[PDB]
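Participant: next input, structure requested:
(chains A, B, C, D, E, F, G, H, I, J, K and L, ligands or ions: 8)
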Amino acid sequence: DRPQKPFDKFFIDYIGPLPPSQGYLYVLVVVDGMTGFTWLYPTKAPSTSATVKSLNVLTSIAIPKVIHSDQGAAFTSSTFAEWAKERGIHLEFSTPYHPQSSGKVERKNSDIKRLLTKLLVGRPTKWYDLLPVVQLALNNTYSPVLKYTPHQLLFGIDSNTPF
Amino acid sequence: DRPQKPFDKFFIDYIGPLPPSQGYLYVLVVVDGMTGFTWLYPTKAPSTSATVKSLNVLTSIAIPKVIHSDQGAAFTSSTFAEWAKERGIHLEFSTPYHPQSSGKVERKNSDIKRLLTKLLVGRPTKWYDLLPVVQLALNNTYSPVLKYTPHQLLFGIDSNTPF
Amino acid sequence: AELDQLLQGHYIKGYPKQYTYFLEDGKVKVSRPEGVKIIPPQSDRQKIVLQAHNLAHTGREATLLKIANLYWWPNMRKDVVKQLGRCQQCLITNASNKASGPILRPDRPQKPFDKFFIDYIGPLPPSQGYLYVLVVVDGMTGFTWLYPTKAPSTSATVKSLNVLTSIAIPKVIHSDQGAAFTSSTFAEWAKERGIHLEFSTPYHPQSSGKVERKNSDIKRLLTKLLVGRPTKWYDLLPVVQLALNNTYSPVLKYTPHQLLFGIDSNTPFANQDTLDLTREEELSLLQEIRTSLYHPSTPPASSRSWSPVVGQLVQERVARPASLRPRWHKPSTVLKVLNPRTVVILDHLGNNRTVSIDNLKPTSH
Amino acid sequence: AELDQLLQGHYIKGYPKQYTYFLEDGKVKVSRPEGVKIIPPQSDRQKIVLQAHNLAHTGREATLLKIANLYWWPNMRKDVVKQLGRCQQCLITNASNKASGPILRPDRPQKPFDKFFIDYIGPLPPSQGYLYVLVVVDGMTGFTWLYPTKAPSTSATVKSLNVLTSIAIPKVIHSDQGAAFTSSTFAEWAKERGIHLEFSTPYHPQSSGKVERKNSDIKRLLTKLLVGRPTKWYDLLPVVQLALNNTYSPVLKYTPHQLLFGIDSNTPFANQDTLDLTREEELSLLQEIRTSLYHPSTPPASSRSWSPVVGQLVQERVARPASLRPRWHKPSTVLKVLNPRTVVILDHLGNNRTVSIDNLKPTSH
DNA sequence: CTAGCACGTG
DNA sequence: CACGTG
DNA sequence: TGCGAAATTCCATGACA
DNA sequence: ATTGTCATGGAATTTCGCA
DNA sequence: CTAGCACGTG
DNA sequence: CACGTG
DNA sequence: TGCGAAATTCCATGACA
DNA sequence: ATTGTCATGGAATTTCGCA
Ligand SMILES: [Mn+2]
Ligand SMILES: [Mn+2]
Ligand SMILES: [Mn+2]
Ligand SMILES: [Mn+2]
Ligand SMILES: [Mn+2]
Ligand SMILES: [Mn+2]
Ligand SMILES: [Zn+2]
Ligand SMILES: [Zn+2]
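Facilitator: Residues are numbered from 1 along each chain as shown, chains lettered A, B, ... in the order given. Ligands and ions are numbered 1, 2, ... in the order given. Next comes the structure:
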């Protein structure tokens, strides 16, 4: 009933394990619901601790109303609940064995996994170092359904690194 | 033909040797011609060097047109001449065996020697330490011929240490 | 309960009638041109204002904006500022936006030796094993003596000043609260000679301005004379001291030596105008000069200056605050106003203290 | 010889006829209301003025007074000032009595990421083994990132900025000339990403004012939050960084976060006015805001200010002058005026240099 | 009161 | 040895 | 009894802390 | 329970030299 | 960029 | 190791 | 369409260097 | 071959609530 805004929901999963690039094995994927903006964080494991550490970075920049995830141990710990409560973030969960992201996000992690794959092919253990560029692309790829890329939706400006 | 001013002539002699008070044996007496103002400097000998060192102090405060002395080796050295020349001070000398100070000064060194004597009597080897006070008195004793003490003639003000 | 009567169409002083107040989701709201805001009870506003403030410990309007994103109540800023005047963290950390009163231009000492000014320059590049210079400036004239020392000792100060007092004894000696001036050894040395010690307010060198300002012309001359040359300043002190004491102050059109004696010594370019006069005829004129001198007026008070009033709440700048430490002591009370620029307070250690308003700010709110 | 004709009742341009010029004791004199003065030949005036000056290296009137105690010649001050403009010792040591031009208030960067400002705060009390904070302020918005480092390394700057560029790449990065910003390693890191490095003029931190001013609110918040508490600032940086990015600037009536996104995140007292709007409807409004913002005007030029002209003779403040060393380099020439506040000169080491007029004085005389 | 320290470049 | 003032 | 030039004065600025 | 000061050099102003 | 140092007092 | 910038 | 109070805005001041 | 800035709180001002 109310038009969707950035920060209204942040979606996560992990994507791993991957080949050890400089010591990092998993990747915490954060995507904004409305803009489709994406933050990646290389973590050494999909523990709540690596998750908290990474989101502690994000939640310095912005804080979402809802964090939507699946039922990974990383996301369903008592700790993680206590973590979200302190910051006023609501935790919504996808029903187990039934991903309930959204069309925009569905294609987004699609776009990310497809993006990540190229790196495994091209750069066998240099993927870590390139997470920023990936993140740039993901945030600079245009959109069909919307005429805009996230970097225009999140900031309202053309990027100085378009794709 | 022109009325006498302070600094117009500075008269010197030594007064020593005295009992070794803290290491000082002689005393360089400087008196201003016109005001009768008096500066004493405890020196360890009546060399030109002790004389120069002491007058180097005085000539930081004021510089006289003439320095009038007797023919002591301290005052007639080639050095002392070169010393006075550099500063534009003229050196006048009393004819040997014939003091040619002035009435005001004659009584002044009189007043000083009489002053110094009391110290030899009272304080056998503490005269050094009291040179400042002596110097104060000498500069604060009134005058007959003039209605004023030097500290009123040199500064034009009543002293805050009168005698 | 106070808000219950609003919903019963009753007027309450401060709540404009023209607006429609109502209930929604267990909260009393009000449609404003701002938008729809919540009217919390009085019992929660103190907390709310505290909540908003403690986010960034924000000032007035910055805290108000936070609150006005959600709530509305009559005279929010009153309920805001009430807490601002009590958040010790902000009181002690925030800077002042009030400039001090305009400076006093105290009467120039009447005669020579009425008041000395003493200060230490240094440390400097060691010259002849010496490091400091004890500067002594005569209040009335500006005639200045320069004594080289190895340390800002009480000893070196006395051992120098005795040479000076030999010439004459001064009524008052003024100085910052440097260890050598505040020591008992010196306080007592002054008592032997019936010298009154005046002391500048702490962390306020302009109070010893007479001498500090002389420190400049001293340092500045020293600098010019050591250009393209090692820094051996000891052998130059007398040179400077003479040179400076006989350097005209264009405003007065007299030199410190002149102001002290009424005639030039055997220095270069010596003024001979009084040569016809007798010493009396010339010493009279010097009494007129010393009075007919120039007196700087008090400058205009800054557009937003503050002058201290007795009983007023004020705080003292922390001398050396550590890194990340508040620069203001807790609020103190003004006990005695010595002048529009000087104050006796009751310091943070429960002591009597005399400070310059330069190191004070009026406690806000 | 020029003076011979005076004695032959002949008029010479500058020597008033009404006065009686004559000879006495081998010198040409003149009876003045000042008194009786000597009129030296032109050939000796340069020396005389030099003689008087070098006494205390005195300024104009202070040197004039010395000379006028004895001599008189037409337009002495002309013959005075001519040498003042050549005494290197005074040129390099004396301070200026000209205030700089009025500050520029440059246009606020148009969009976010148009220009970053980067600076280092620190050292600080070691918290978690960290000492410095790399502050990154976005030009347009003021949205600020705070990265803790162990040293103001080039490494720590890149290793932090990469995390930031991950979000977005900025056109220009502005910063003082700190080693980590001026290094080749960084210059090149910027080139990989098509980032243009802008550099502030040296010894002029107000050029990085955007960030330095943010340094305050950062330090000031840190201070309030560590009152009566050890100084462990590391664990607080994010807290501050959020807290500050969402703190209203009363002048704009917007917060840095707002200016960057157009909507509040899930932070306390979050503004919900755009909740009815679509993102497009709300993103349009944000484009208007960013332009309809407030722009500070250039302040009035000081009553006795100076603006740099090409070719004009000027000198650069010595960075760290030693004790008793002149605070000005020898006179340099103005090559290019970048703006009424910035200048390209030809420095004392024979190099091209871009300096702020704050570190210049116009060479006097 | 003014000395330091850090960094990166020849 | 710490604190105040410089 | 005025006009132009020259000499004096004013005064904001900065440094001493 | 003490207090800003003054050399400096362009500019503003007053004074001076000559009718 | 901010740490020092000096001194004299409890 | 010294110099510049901070 | 005016009046008093309340809310907003102005802005000099200081700190970041 | 680059450029000051902004949170702050009394005061000045503009706006608001009510006739
Ligand atoms: Mn998963
Ligand atoms: Mn003899
Ligand atoms: Mn001192
Ligand atoms: Mn810096
Ligand atoms: Mn001092
Ligand atoms: Mn800085
Ligand atoms: Zn607070
Ligand atoms: Zn000179």
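Participant: SS state for residue C:43?
Facilitator: What DSSP: H, G, I helix; E, B strand; the rest coil gives for residue C:43 is helix.
Participant: wait, doesn't residue C:84 sit right on residue C:54?
Facilitator: No. Here residue C:84 does not reach residue C:54: they are 11.8 Å apart, not a contact under C-beta atoms under 8 Å. Just so you know, the C-beta spots here come from the backbone N, C-alpha and C atoms, and that holds for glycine as well.
Participant: ok, residues contacting the helix or strand where residue C:286 lies?
Facilitator: Here residue C:286, judged by DSSP states H and E, is contained in helix C:279-291. When contacts are defined by C-beta atoms under 8 Å, 6 or more residues apart in numbering or on different chains, helix C:279-291 is touched by residues B:3-6, B:34-35, B:153, B:156, C:110-111, C:140, C:254, C:259, C:262-263, C:274, C:277.
Participant: stretch A:11-19 now?
Facilitator: Around stretch A:11-19, the neighbours that count as contacts under C-beta under 8 Å, 6+ apart are A:24-31, A:33, A:43, A:46, A:51, A:67-70, A:72, A:74-75, A:101-102, A:105, A:109, A:112-113, A:116, A:120, A:124-125, A:127.
Participant: can you tell me if stretch C:68-76 touches DNA strand K.
Facilitator: Yes. Stretch C:68-76 reaches DNA strand K (C-beta under 7 Å from any atom of the strand) through C:68, C:74, C:75, C:76.
Participant: what about whichever residue of chain A sits closest to DNA strand K, distance to residue A:123?
Facilitator: Residue of chain A nearest DNA strand K, by C-beta to the nearest atom of the strand: residue A:60 (21.0 Å). According to C-beta to C-beta, to the nearest Å, residue A:60 stands 30 Å off from residue A:123.
Participant: is it true that residue A:57 touches residue A:42?
Facilitator: No. Because the distance of 11.6 Å does not satisfy C-beta under 8 Å, residue A:57 is recorded as not touching residue A:42.
Participant: more neighbours: which of these two?
Facilitator: The residue with more neighbours, out of residue A:57 and residue A:42 and counting by other C-beta atoms under 10 Å in any protein chain shown, is residue A:42; that gives 20 against 13.
Participant: which residues touch residue 61?
Facilitator: I went with chain A, as the question did not name one. Residues touching residue A:61, when contacts are defined by C-beta under 8 Å, 6+ apart, comprise D:145, D:167, D:242, D:245.
Participant: oops, I was thinking of chain C
Facilitator: With contact set as C-beta under 8 Å, 6+ apart, residue C:61 has these partners: D:248, D:250.
Participant: one more time with 7 Å, if that's ok
Facilitator: When the contact criterion is C-beta atoms under 7 Å, 6 or more residues apart in numbering or on different chains, the partners of residue C:61 are residue D:250.
Participant: check whether the one helix or strand it maps to contacts ligand 7.
Facilitator: Under the criterion DSSP H and E, the helix or strand holding residue C:61 is helix C:60-67. No. Helix C:60-67 lies out of reach of ligand 7 by C-beta under 5 Å from the ion, never closer than 8.7 Å.
Participant: toward the C-terminus, what is the element adjacent to that helix?
Facilitator: The first helix or strand that comes after helix C:60-67 along the chain, using DSSP H and E, is helix C:76-84.
Participant: the helix or strand just after that next one near DNA strand K at all?
Facilitator: As assigned by DSSP H and E, the chain's next helix or strand after helix C:76-84 is helix C:88-93. No. Applying C-beta under 7 Å from any atom of the strand, one finds helix C:88-93 separated from DNA strand K by no less than 9.6 Å.
Participant: give the buried residues for stretch C:37-57.
Facilitator: By 16 or more other C-beta atoms under 10 Å in any protein chain shown, the buried positions in stretch C:37-57 come out as C:37-40, C:45, C:48-49, C:52-57.
Participant: again with stretch A:100-107
Facilitator: Within stretch A:100-107, the residues that qualify as buried are A:101, A:102, A:104, A:105, A:107, counting by 16+ other C-beta under 10 Å.
Participant: would you put the C-alpha positions of that stretch in CSV?
Facilitator: Taking only C-alpha atoms (Å, rounded to 0.1, in the frame of the first residue of the first chain), the coordinates of stretch A:100-107 have been written out as CSV:
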residue,chain,number,x,y,z
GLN,A,100,11.0,-15.9,-1.1
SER,A,101,13.2,-13.0,-2.3
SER,A,102,11.7,-11.1,-5.2
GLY,A,103,11.9,-10.8,-9.0
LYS,A,104,14.4,-8.0,-8.8
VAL,A,105,16.5,-9.8,-6.3
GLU,A,106,16.0,-13.3,-7.8
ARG,A,107,17.7,-12.0,-11.0
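Participant: anything in that stretch near ligand 1?
Facilitator: No. For stretch A:100-107 and ligand 1, the contact criterion (C-beta under 5 Å from the ion) is not met; the two come no nearer than 11.3 Å.
Participant: which helix or which strand is home to residue C:106?
Facilitator: Using DSSP H and E, residue C:106 sits in no helix or strand.
Participant: on that earlier part again, okay, residue A:60 and residue A:123: which has more neighbours?
Facilitator: Each of residue A:60 and residue A:123 had its neighbours counted (other C-beta under 10 Å), and the higher figure belongs to residue A:60 (18 against 14).
Participant: just the buried members of the contacts of stretch A:11-19?
Facilitator: Under a neighbour-count criterion of 16+ other C-beta under 10 Å, the subset of these counted as buried comprises A:24-31, A:33, A:43, A:46, A:51, A:67-70, A:72, A:74-75, A:101-102, A:105, A:109, A:112, A:116, A:127.
Participant: from the residues you listed, which land in helices?
Facilitator: The members of the buried ones among the contacts of stretch A:11-19 that map onto helices under DSSP state H are A:51, A:74, A:75, A:105, A:109, A:112, A:116, A:127.
Participant: save those as TSV, and put in distance to ligand 2 too.
Facilitator: Shown next, in TSV, are these (distance: C-beta to the ion, whole Å):
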residue	distance to ligand 2
A:51	100
A:74	105
A:75	107
A:105	111
A:109	110
A:112	107
A:116	107
A:127	101
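Participant: now for the residues you listed, which pair is the farthest apart?
Facilitator: The distance between the two most remote of those (C-beta to C-beta) is 23.3 Å, for A:75 and A:127.
Participant: can you give me the strands for the chain?
Facilitator: You didn't say which chain, so I picked chain A. Along chain A, counting by DSSP state E, strands occupy A:10-14, A:26-32, A:38-43, A:66-69, A:90-93.
Participant: um, chain C though
Facilitator: Counting by DSSP E, one finds strands in chain C at the ranges C:21-24, C:27-32, C:35-38, C:115-121, C:132-138, C:144-149, C:172-175, C:196-199, C:313-316, C:332-339, C:342-346, C:352-356, C:360-362.
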